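Below: the structure, in structure tokens.
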Amino acid sequence: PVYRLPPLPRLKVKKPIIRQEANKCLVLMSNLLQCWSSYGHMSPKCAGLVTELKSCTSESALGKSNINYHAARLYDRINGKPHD
Amino acid sequence: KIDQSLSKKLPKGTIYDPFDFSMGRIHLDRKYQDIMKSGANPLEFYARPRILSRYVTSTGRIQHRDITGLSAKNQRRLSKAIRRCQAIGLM
Amino acid sequence: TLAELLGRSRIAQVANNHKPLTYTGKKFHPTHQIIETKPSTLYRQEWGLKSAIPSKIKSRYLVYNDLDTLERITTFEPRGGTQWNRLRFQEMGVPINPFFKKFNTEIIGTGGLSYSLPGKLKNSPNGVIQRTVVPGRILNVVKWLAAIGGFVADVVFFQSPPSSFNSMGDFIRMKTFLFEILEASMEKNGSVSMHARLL
Amino acid sequence: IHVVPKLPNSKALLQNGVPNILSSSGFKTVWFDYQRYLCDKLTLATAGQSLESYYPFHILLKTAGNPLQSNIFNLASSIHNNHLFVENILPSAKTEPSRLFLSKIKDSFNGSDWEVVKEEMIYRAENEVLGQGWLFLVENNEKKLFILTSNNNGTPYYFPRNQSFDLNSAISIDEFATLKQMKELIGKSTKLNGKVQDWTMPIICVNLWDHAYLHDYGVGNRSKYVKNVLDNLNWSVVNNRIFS
Amino acid sequence: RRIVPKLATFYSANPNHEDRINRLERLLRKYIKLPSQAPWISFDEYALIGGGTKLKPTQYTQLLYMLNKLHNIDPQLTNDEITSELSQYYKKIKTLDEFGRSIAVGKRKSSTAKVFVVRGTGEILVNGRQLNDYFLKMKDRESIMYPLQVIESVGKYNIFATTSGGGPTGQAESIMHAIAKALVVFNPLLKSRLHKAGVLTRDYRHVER
Amino acid sequence: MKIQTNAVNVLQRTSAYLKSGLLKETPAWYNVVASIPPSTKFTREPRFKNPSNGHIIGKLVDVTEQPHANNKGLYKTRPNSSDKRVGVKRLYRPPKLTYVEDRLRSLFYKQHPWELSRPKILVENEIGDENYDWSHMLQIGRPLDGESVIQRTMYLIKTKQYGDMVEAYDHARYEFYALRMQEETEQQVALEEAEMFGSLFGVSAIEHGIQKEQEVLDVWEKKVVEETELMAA
Amino acid sequence: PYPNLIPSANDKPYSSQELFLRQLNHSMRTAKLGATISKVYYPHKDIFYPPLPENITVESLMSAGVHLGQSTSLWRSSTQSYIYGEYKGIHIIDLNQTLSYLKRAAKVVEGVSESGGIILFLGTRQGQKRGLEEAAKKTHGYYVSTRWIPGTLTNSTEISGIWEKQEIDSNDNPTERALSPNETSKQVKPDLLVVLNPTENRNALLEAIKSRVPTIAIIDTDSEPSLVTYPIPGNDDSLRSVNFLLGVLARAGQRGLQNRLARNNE
Amino acid sequence: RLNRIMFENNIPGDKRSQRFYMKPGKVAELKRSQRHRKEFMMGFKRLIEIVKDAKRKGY
Ligand SMILES: [Mg+2]
């Protein structure tokens, strides 16, 4: 079924959700802590992770949507309003 | 191995494009994912709890027409059949 | 009259269809006529349709459903991919007869995929080509499945897979193999079933 | 649609052919029928496609690198070649080689005379073109004039489609090494089409196809025909074809 | 006779800019085939001849784009037409002295330094005194040596530095700066590397209440 | 929107200005517009025939003109409720243009789905320049595609060489196959002959597809590894 | 011919610029050998070789796509009399009426250009600048393609009053006379406005109505016909159809201008 | 999983709504309001999908 809307004052998303890419540093840190929990602290089985962690957090410890713009730009064109 | 969600299985005998080897294809597949959707009258299944237990919830609540996708007439007939089945000691 | 010319016009030559432009099921054959433009017309957004196609489209091929809609746009996709599959099949040389001596809607023979006749040899500077070699990609661990020239085919081995298969795993598709396309028939659905063998 | 060009003095060409090379029924075979045949085939092979808007030279450059369009390329090549040849044997639109042409001959062919280079061209056409082909005197980007012999409908502009070697018969290791080097150079290109730059341009073109000599000369005697062609070139055109 | 608007773009928002862009486009369109390979007037200077207050920054960037495209045409194949149309929009080498010395001046904080660099064997005097005598801190000597170390030319030059003002660090770093500037003269090709080391940049920082 | 009055009467208002003296000089357009009047009716106009198929619009068949029993055996002796409703709207509704060729265009591409993969150019060259004799299928200035088949079918029908559209369509189909096989053999043999004389091609279609798949698959690998590492944490 | 080019020496090869000039020499002489192209559409030729109004057929209007109207779901029913039918979910414009209206509008343009009036070509869609500029330049007219400032006619003093004006003779030759500030400040109203996209240019149409300027427009299936003096039913969405109609009008204006100059030279 | 079942059967919502009595007219108007809001969200999502499509094609 198609649910057409009445003429709206606007076409806007209240809180557009964005692509929050996860920080690589935190993922590496979580993997290393999991490794230490399983294989013991200062284990040699994930020294690579430690190395990688050291390499990625070395300089910095931590290593917007456009929908509203296009919706406002295109609303009059696509809304299917009858002619004046 | 990798998670099966992150991979795409191209079926057999089907043509494809290079685009199909990409996360775009999987994402487009996710976004774009019977007996009553036919000439059959659902009111003839009021004595068949197995068939019309498919159109209810685990607790037994009839599913909205938005879910079942049936026509208005067949939604009404199915609801009538389910309620009658509940009344006659089945269901 | 204008009506006769409209019946003969190029827009009228494209058969009506409203199949979804974003189909996510199984593709056995083309569903939409590919529309092409010359560079000179593309520079001016001209495609022979009603409305100018947006300048974002740099490709010279598209498929479309509706010339105009209530949304004041043309429903189109800037894709002409199915021509490259067909041509790639023509490069393979493997052939697939109803092309020889009220209405039936079933696909006739090959549905225009190939018109090559069965028995012919490919002369080469080496000599007559005995068998057809083609690059391809093993897809998944399973007759295995291979992406070859825009078609999914069945792979059969001489004796068994090599160590690279299980060494790579689900990344096996990243590396290119060589295949011999044994044969190619087409089924009732319109799907081509090539049988190949890894080399 | 591709249409056969109108030639200067077409009435005289239909009445008495080309003096000293072709009779009327020979020039009709090579131009008024062969060029029509080729233009019709090109039209049928390119109509309803982008290539219909392009001249045959541009068509052959566009389709030179695409294996499946070879037939179109062949047509687009022969048409082009067939007008390069006819143009430089037409009586007019006493012409003599320019000083610049002879100077470049002396700087290319080991300080040889024009007649000696003509004899070399006769020899080259006699040997390296079995059956159909084209004979060219071409200028490379090095300002060097050299003799090029293409088989069938090879082009003088684009070296990967010169088709100067007959691989049906045995070839010398020198020719095989040449092919290997050209293949490597083709692979060296970064463009996705796989094309290369080639600034070679034809100065002289002679049609070694049976449509040119067979009626007036015979199965043999193509050397006589090529000699008549090279002794009776339209040197106004040939001189204009060299960059000043 | 008849009074008509002068430009074909008279009814546009900014007719002057459109007219000038039309002329530039006409030239860029006639000579489109020519291959390719610039002090253009400023935004205000273009506003005088174009829209004035009407002129927009995007319009000025379009003008610059057209002018750059025309200018970048290969100089050998340009003609009088392009150059004539483009002209409307156009807006002491150091050496050694008689004694072979490169003389340079550097400043840091309230310190100043004048250095005479001559080719030599890595000798240095500061105010007529040995380097270790004048500069007690090693890091000051390392600062003075750093530009010569950048170009690997410690041991190839004699330095006669003379400082005044400020304190040891300021004087050492003004000598460093002066040496770098002097060294550029002996081999200009090394300037970039010295500029990359940071020794040709005058340190602006000073005491600020 | 209301039918506007002031765009088509600029001459009358201008002449009132000129007669009163409010405007001194006559405009340059004045005499031109005076000599070329605008159309000022803006009416809806009925139509009585479908342009495409020749169906007459606005005729009612009377009971006298149906003197024979219908398919259910019943005579028509009085008008039905449809005949009694005024059908004036049909006279003004823009008629739907219909052509049998469209039914026959749909069939062809259902029978030959891979003919849809042959690119088509909808940019017309010049419809007036077309002089085709459809006694044969190949035409100078045209490609070989489904429209050739269908135009040949229509030609065969209008000359009554066949009575049934099915047989004419089948005949056209077989001619089309005859031409397509020749074209494909021409292409294959041209490539073979080219290779036999030292034509060195670069990337072919298969290698083109391989390289595009590789370009896509590199990005896919990177995304897969990143997602797996993220999932593990 | 080619100044400031330094040739190369005979010993050394061609340079890049020498190669460019060499292949130009090839291009102008031999690159076009082999066949002449006939009955093939070239987009630029609609602008530089538009036909005369008397030579236009229904077939050439149809090949330009002028007949392709808006979707039937966006129909403005006041355009009912212009429509030939519906086909593939859009309305088809009756090209016989398009041809009649186009000839009428072309004659209006020719008459206004022959009278020495000002002609303005308005089109604000993406790729319409080239055709508008060429129409203006061959009619000795004016054009806008960027944006129509509202009030350009009804508020001309505040908008167009600052731009310069010029006295010209019967032959359109600049006289270079000095104008008074009062003369420079006056409104200079177009004698004819032609708008290629009237649906997106209602401001201009209304100003022309108020300022009492006759107007021509391409009227699509969703456009109001009564808002213009001389409608032309046709497709306003295709650059080919728009450029075809515009080139026709521009050539009619050019013929009017040529006639004016001819009698002024006799 | 259990909590998903709870929300999928509206069990918490029904328990909250059964706490106090609501007059049948108020129930009817709340029902109309909720259905309208649902249909409005469906239409809004359709329009946003059209916006994304048109943006991708370049409109
Ligand atoms: Mg429109």
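No value in this document is a laboratory result; all are computed from the given coordinates. Here Cβ is always computed from backbone atoms with ideal geometry, including for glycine, and neighbour counts include all displayed protein chains.
P(r) for the stretch D:70-159, please, calculated from all Cα pair distances in 10 Å bins and given in %.
14, 41, 37, 7, 0
So how long is each side of the stretch C:33-157 along the principal axes, counting just the alpha-carbon atoms, biggest first, in Å?
Principal-axis extents of the stretch C:33-157 (Cα, largest first): 55, 42, 38 Å.
Could you tell me whether chain G comes out rounded, prolate or oblate from its Cα gyration tensor? Rule is a ≥ b ≥ c as square roots of the eigenvalues, rounded for a/c under 1.5, then prolate if a/b exceeds b/c, otherwise oblate.
It comes out oblate by the Cα gyration axes.
If the viscosity is 0.890 mPa s and the temperature 25 °C, what Stokes-Einstein diffusion coefficient in µm²/s follows for chain D when Rh is the Kirkwood radius over Cα pairs?
Taking Rh from Cα pairs, D becomes 130 µm²/s.
Test of understanding: given chain H, find the longest segment containing no trypsin sites (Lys or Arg not before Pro) that are in a DSSP loop and have at most 12 other Cβ atoms within 10 Å.
H:20-59
Once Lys and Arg get +1 and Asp and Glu get -1 on their Cβ, which of B:51, B:16, B:69 lies farthest toward the positive end of the dipole of chain B?
B:51
Can you give me the Cα centroid spacing of the stretch F:199-233 and the stretch B:1-67 in angstrom?
30
Take every DSSP beta bridge whose two residues both sit in chain G, then give the antiparallel share in percent to the nearest 5.
Counting DSSP beta bridges with both partners in chain G, the antiparallel share is about 35 percent.
Give the relative contact order (percent, whole number) for chain F; include only Cα pairs under 8 Å separated by 6+ residues.
Value for chain F: 10 percent.
Excluding the sites themselves, what is the longest stretch of chain F that contains no chymotrypsin sites (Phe, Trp or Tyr not before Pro) in a DSSP loop with at most 11 other C-beta atoms within 10 Å?
F:76-233
Take every DSSP beta bridge with both residues inside the protein assembly as shown and express the antiparallel ones as a percent of the total, to the nearest 5.
Antiparallel bridges: around 75 percent, rounded to the nearest 5.
Given axes a ≥ b ≥ c from the Cα gyration tensor, I'd like to know whether chain H is rounded (a/c under 1.5), prolate (a/b larger than b/c) or oblate.
oblate
Quick check: Cα centre of the stretch E:144-175 to Cα centre of the stretch E:1-42, how many Å?
Comparing the Cα centres of the stretch E:144-175 and the stretch E:1-42, I get a distance of 56 Å.
If we count every other residue with Cβ under 15 angstrom of residue F:107's Cβ, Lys/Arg +1 and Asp/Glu -1, where does the sum land?
-3
According to a simple spin-label model (label point 7 Å from Cα along Cα-to-Cβ), what is the distance in nm between residue C:1 and residue G:176?
Output for this residue pair reads 6.4 nm.
Mind sorting F:171, D:211, A:83 by how few other Cβ atoms lie within 10 Å of their own Cβ, fewest first?
With the fewest neighbours first, F:171, D:211, A:83 line up as A:83, F:171, D:211.
Which value, in nm² and rounded to one decimal, describes the direction-averaged projected area of the C-alpha convex hull of the protein assembly as shown?
So the mean shadow area of the Cα hull is 84.4 nm².
By how many degrees, 0 to 90 and rounded to 10, does the Cα axis of helix F:10-20 deviate from the longest principal axis of chain F?
40
Calculate the FRET efficiency for residue A:26 and residue E:44 from the Cβ-Cβ distance with a Förster distance of 56 Å, rounded to the nearest 0.05.
The pair residue A:26/residue E:44 has a calculated efficiency of 0.65.
For chain F, build the charge dipole from Cβ charges (+1 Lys, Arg; -1 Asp, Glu) around the Cα centre, then report which of F:168, F:9, F:225 sits farthest towards its positive end.
F:9
Would you give the gap between the C-alpha center of the stretch D:183-241 and the C-alpha center of the stretch A:1-59, rounded to a whole Å?
Taking the Cα centre of the stretch A:1-59 as reference, the centre of the stretch D:183-241 is 66 Å away.
Using the crude model of +1 on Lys and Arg Cβ and -1 on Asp and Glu Cβ, and no other charge, please compute the dipole size for the stretch C:18-116 relative to its Cα centre, in debye to 20.
120
Extending each Cα 7 Å along its Cβ direction at residue D:6 and residue G:29, get the distance between those two points in nm, one decimal.
For residue D:6 paired with residue G:29, the spin-label model returns 2.3 nm.
Along the Cα→Cβ direction, 7 angstrom out, place labels at residue G:38 and residue H:22. What is the inter-label distance in nm?
With each label point 7 Å from Cα toward Cβ, the separation is 8.1 nm.
What does the convex hull of the Cα atoms of the stretch E:78-199 come to per residue, in Å³, rounded to a whole number?
Spread over its residues, the Cα hull of the stretch E:78-199 gives 158 Å³ apiece.
Give me the base-10 log of I(q)/I(0) for the stretch G:123-266 at each q in 0.10, 0.15 Å⁻¹, Debye formula, one uniform scatterer per Cα, rounded to two decimals.
-0.39, -0.86
From the Cα gyration tensor of chain F, with a ≥ b ≥ c the square roots of its eigenvalues, which class applies: rounded if a/c is under 1.5, or else prolate if a/b is larger than b/c, or else oblate?
Oblate.
For G:223, F:52, F:204, which order do you get if you count the other beta carbons within 10 Å of each Cβ and list the fewest first?
Ranked by crowding around the Cβ, least crowded first: F:204, F:52, G:223.
If eta is 1.002 mPa s and T is 20 °C, what Stokes-Einstein diffusion coefficient results for the stretch G:1-154, Kirkwood Rh from Cα pairs, in µm²/s?
It comes out at roughly 104 µm²/s.
Treating only the Cβ atoms of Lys and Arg (+1) and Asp and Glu (-1) as charged, compute the dipole magnitude of chain E about its Cα centre; round to the nearest 20 debye.
380
Run the dipole for the protein assembly as shown about the Cα centre, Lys and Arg Cβ at +1, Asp and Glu Cβ at -1, nothing else charged, and hand back the magnitude in debye, nearest 20.
Once rounded to the nearest 20, the dipole reads 7400 debye.
Any of F:59/G:103; C:143/C:175; D:195/F:120; G:129/H:55 with alpha carbons more than 30 Å apart? Name them for me.
From the list (F:59/G:103; C:143/C:175; D:195/F:120; G:129/H:55), the Cα-Cα distance tops 30 Å for F:59/G:103.
Please report the antiparallel percentage of DSSP beta bridges with both residues in the stretch C:82-199, rounded to the nearest 5.
If I count the DSSP bridges inside the stretch C:82-199, around 85 percent turn out antiparallel.
If we count every other residue with Cβ under 13 angstrom of residue F:48's Cβ, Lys/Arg +1 and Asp/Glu -1, where does the sum land?
+4
Does a label point 7 Å from the Cα of residue B:3, set along Cα-to-beta-carbon, have any residues of the stretch C:150-173 with amide nitrogen under 18 Å, and which are they?
Counting only backbone N, you get C:170-171.
Add -39500 (n - 2.57) for each DSSP H run of 4 or more in the protein assembly as shown, then divide by its residues: what number comes out at 222 nm, to the nearest 500 deg cm²/dmol?
Value at 222 nm, helices only: -12000 deg cm²/dmol.
Given a Förster distance of 25 Å, report the FRET efficiency between residue B:65 and residue H:30 from their Cβ-Cβ distance, rounded to the nearest 0.05.
0.80
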